[PDB]
Each structure stands twice: as C-alpha cells, then as structure tokens.
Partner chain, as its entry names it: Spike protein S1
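Take a look at this single chain in structure tokens; it is the form solved without the partner chain.
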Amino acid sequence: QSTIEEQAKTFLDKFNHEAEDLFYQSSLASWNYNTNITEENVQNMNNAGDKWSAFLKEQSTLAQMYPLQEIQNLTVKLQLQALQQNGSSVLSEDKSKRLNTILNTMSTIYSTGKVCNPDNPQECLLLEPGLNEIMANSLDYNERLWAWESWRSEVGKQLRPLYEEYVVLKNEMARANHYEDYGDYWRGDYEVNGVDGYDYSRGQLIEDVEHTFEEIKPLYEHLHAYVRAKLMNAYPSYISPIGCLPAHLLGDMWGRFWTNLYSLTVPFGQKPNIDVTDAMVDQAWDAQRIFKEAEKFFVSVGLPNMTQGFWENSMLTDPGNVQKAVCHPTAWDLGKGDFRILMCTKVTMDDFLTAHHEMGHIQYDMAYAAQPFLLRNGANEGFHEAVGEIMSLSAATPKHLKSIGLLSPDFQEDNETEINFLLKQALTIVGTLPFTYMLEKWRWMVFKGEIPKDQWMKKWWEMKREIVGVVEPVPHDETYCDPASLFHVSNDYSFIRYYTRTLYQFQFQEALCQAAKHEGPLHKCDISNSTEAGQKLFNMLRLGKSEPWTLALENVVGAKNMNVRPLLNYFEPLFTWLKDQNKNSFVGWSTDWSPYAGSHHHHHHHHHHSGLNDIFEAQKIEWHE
C-alpha cells in the first residue's frame, strides 16, 4: 500500500508537528526557570524535561521501523538517521534515575555552593558573582589564593564522589551504545559517515586536535613567558622566572581565559586603551545600547534585524535583587519565530563582545529556521561558537571601535596599538587553547580508564603543569575534584568544542574577508558594511545541519578539516614582537617548581656565581640552530 519511504514521510511530518509544539512548550518552561528561579519553575521545567526526553525515546523507537537502506530521499534519510540514535535512554529505569539525580546534584552543588570568610561565618560568598569578582579584580596573592583554594576544597570535594559515580554511569551508557567510553561518545559529534570523501572518524579528531596544537605551542610558549615576566612585575616574590604561572593569578577562577590579565600585561599602556570598558562607562552605555549596536553590525552586512519578539521577550539585564536568574549568556531558539537572548549584561567590553557573539547565534538560528526540526542545528558543536567568535573578531578591531565612537575620531593606528590589540586577543583566544585541550584530554583519559582514581588529581596537575604551564599553589590529594570546579565539567558539557571553534573562526574570518575584498593583515579585517561577506556567510548558515560539517566548512573556506594556518597568520606580528621581547628571558617552564615547594631563601650558595655561568652556556647550546 505505502512503501517505507512514503511511510517515513508521514512519520517524519507527524514527528515534526508534535516535536515543534512540545519543544516550544518545554523551552518556555526553561526560559521561566532561567529568568525566574523558583521551585514552582523547577518543577515545571523538570516535568517538561520528562515529557520531552520520553517523547524523543518513543520517536527514536518508532524511527527504527524504517530502514535507511530503503530510503531514496536524502532529507528523509538524515532525519531518520538522527532519530535512530539511542542516546542516554538505553539505561534501565533505575540507573537512568540515578544518573539524572547525580547530574542535578552536581549542578546544584555548583550553583548553590558558597565559601564564607573564616573570620566571619555569617557573611558568605557565592561563585557568581562574589568569588568571580575576586578572581577577576583582586591583585592580592593571598585573597586570590584564598578564593581559589576555598572553592576547590569546599565545593570541589563535595563533587568528587558524585563525579566518580557519574563517570561510571556515563561509560555504561556509552558502551551500551557501542562506543568505547563516554569520551568516544562525545567525539561522535564530529563523526561523518557515507559522504564519500567528507567522512570523519571519531579517533581522527584527537589526532587533528593534537597535530594542530603542536603549531600553537611555540606562540603559547612565548606568550606565556611574556605573561610570566609581567606577572612577576606584580607578584614579586611569588613567581619564579622559569616556572608555571600559579593557577590563582590568571584572571578568572581557573585560568580558562587570560583576558583580565590585560591591564597588567598591556605592552604599550601609554597609547589609548583598546579595552573600551572605560570608554563604555564614560559614554554611559547601558545594555540596550550594547545590543542595538550589535544589531546594527549585523544589518550592515545584509543580515536581518532582530524580531519584535526578541526586543519584547529577551532579558538583557540582571532582573534585580528580588528574582534570581541564571546569568550565563545564552541564545534561545524556541521555534514559531521565537528568538531570545538571556544575558545579564554588564557595561564592559567583555559583554560587548559577548553580545555580538550571542546575537551571531541568533543569526544562525534565524537563518536555518526553515530547515526540518532535527536539522535546525549547527553542523557540529563548534560551528555555533565559531559563528559567534568571528563577530567579536570584527567588533574588537580598533577600526570598528573607532567607527562606533568608543575610540576618539583622532585615533591613529600604529605599531603599538596593533601590538596592544594582538596581545589582548591572544590573552582571550590563545590562552584558552592549552586550557581547553588539557581539560578535555584529562576527561578523555579518565573515561577511557587510562587514569585510575588514586591518580585523578595527581595526573590533573601533572597535565596542567605540562600542557598549560600552570601550577597549583596548594597540593591537592584525591579528596579534591578540581576539574568539576568548572561549570562545563559538573554540568556535563563537552569542552573540545571551544578548541575546534577557535580554529574554525579564523578559517572563517579569512574566507569572509576575501569576500569583503580586505587588503591588509587578517587582524585588521572588520567585515562591517560588506553584504558580499554577509551573503557568503548566510549561504552556510541557512544550511544548518542539512549537510556534514566537513562539507559545510569546505563550502565557505575550501577545506574539509580543521586548519591552524589562519590562526598563526592572525597573530604573526605578535609572535615576532614576543620573540624579540623574550630574547634575554627564559622560554618554557619547569614542571617541578611550585609556589608551595619552589621557594628557597638563598642564605648561602656553593659556587662563585652559582650556576648562572653554566646556565648561560647551557641555554646557548639548548636553543642552538
């Protein structure tokens, strides 16, 4: 009567109508919890999570009726293929409840967790925003070290047992779905099958990540050494000129970004401050201004305005001392033309650039809204983040900041402002790549069982010391779970997407600037006022997940894989200048020097000039060509 393909057309349309209705309802519940944090809202959100995940279980079960080798229409085959993924539903009704409770317990421990002043128990501080305020703004080695150690021993130790159990359950789920381990499950996002030359295997991702990281390593070495010399200028007795930077002195709670170090590391501080935060406050910008300015940036390249619904419904500021919100910058695609942004916007260049990033997410969503339900997604986990990042790449240029009146009309480009800008960008962009690779490799190793539990923290800090050049200021036994002190770890997010994104973006920025007819180095490119580049971008955005990320990338940039070439070209002037800066310093780091076990009061030495003569000779031979 009806062939499998006609049956499948019918099934997919039923699935799409119901899934759209249900997804919109569930997303409204999620919006309620994230703007209004109340138990009534948690209850509704959890109820909708049940309805939704159970719905997808049923539809995944139903989708197995239709074999993929009996399907001609490709748009049908892709949808069915997505639907035929079992997910985490494979576990028993008992173990699924246990793992869900673990995930919730860890997330609550993170968000509710507070450390109190030892001398004042009644006054406590949460991570957001109390402890972040310190890790961003403090200059006190002891206050910063208190906050860092406090967070890792008060909330991290609570998380250790839960994370052990969580790893066991996640690996059970991954092997039950015929992956080697939960890390392999995550690497499945980058998988491609059946597209002939555009295929991509899960183990291939680790090889490409590490191979690309190699070429990041020299630039990172030099940036790290310059940052070390500059952090010595501010923490005189606490940093050795040949050692990893102490973890608590890095700009946020983890050293995930070195962005807030810029005020200390600024090369040429006499020249006007390319960080327009100060300018943003002398011009009394509120959040509405920041987002309207971003909107203008997108219209300039031929993209659409934000919907009436966006301005009506978005929560663009922290909603007051009464009602608490989840202040994590997020872009919401709910279906039915409904697009929102949740960001507790502060008047800082960080939130200016974020606003551009998160509005870029909204552009990607609005572009692919016409695709079928399951294909209303990015080509992989890194694509959305790359889309966001390129917008900030244009927004952050001094050219652009000038054209929007954040830098004065009499602002001249020069060698020094160029070096200032590249250093700042590298603090945000290059500083996070070793962090991200190290964290994800640790996780991957844990899930594969290469790291036993007696050596979780031992190996975590071995790898911080080795890959990142960051050393803990306080020894950490296995009662610690330092990795879970970060949200992305204890809330079960993959993290390699930030590394892959970081390469993609420059690959993208290259291709777009060609489309914009940019003559000049890639780091002076601003795609504003170029519909030609906006068109080239939109062509890829409206695709969504309709075709695999190898092809989605190649369509825009000309390559089927991650490339580190553009990234090095972006930072080349800074690479040269940093190498010159470090010419008489040391480069690299010792894994062994530590704040707690590296100090030595040099009362008496043994040799005439100590080893300094030998050290000079050995470094000459060491870096010899």
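For the two forms, the rigid core is made up of the largest set of C-alpha atoms that agree within 1.5 Å on superposition. Numbering follows the first chain given and starts at 1.
Not on display, but discussed next: the form deposited with the partner chain bound.
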- request: Go through 65-73, 589-597, 552-560, 574-582 and give me the stretch that gets within 4.5 Å of the partner chain in the deposited complex, heavy atoms only.
  value: 65-73
message: Contact check in the deposited complex: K14, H17 and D338 versus the partner chain, with a cutoff of 4.5 Å between any heavy atoms. Do all three pass?
response: yes
query: Can you check whether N313 is within 4.5 Å of the partner chain in the deposited complex, heavy atom basis?
result: yes
query: So in the deposited complex, does any heavy atom of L568 sit within 4.5 Å of the partner chain?
result: no
message: Residue-level question: is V564 within 4.5 Å of the partner chain in the deposited complex, judged on heavy atoms?
response: no
query: What are the residues of 244-280, in order along the chain, with a heavy atom within 4.5 Å of the partner chain in the deposited complex?
result: none
- line: Out of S138, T330, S153, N132, the position with Cα displaced 2 angstroms or more between the shown form and the other one on rigid-core fit is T330
- request: Compare the position of the CA of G588 between the shown form and the other one after a rigid core fit and state whether the shift reaches 2 Å.
  value: no
field: Cα displacement of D410 between the shown form and the other one reaching 2 Å, rigid core superposed
entry: yes
query: Using the core for the fit, does the CA position of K114 change by 2 Å or more between the shown form and the other one?
result: no
query: By 3 Å or more, the Cα spacing of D282 and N260 differs in the deposited complex; is it closer or farther than in this view?
result: farther
- prompt: Looking in the deposited complex, are the Cα atoms of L74 and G188 closer together or farther apart than here, the change being 3 Å or more?
  reply: closer
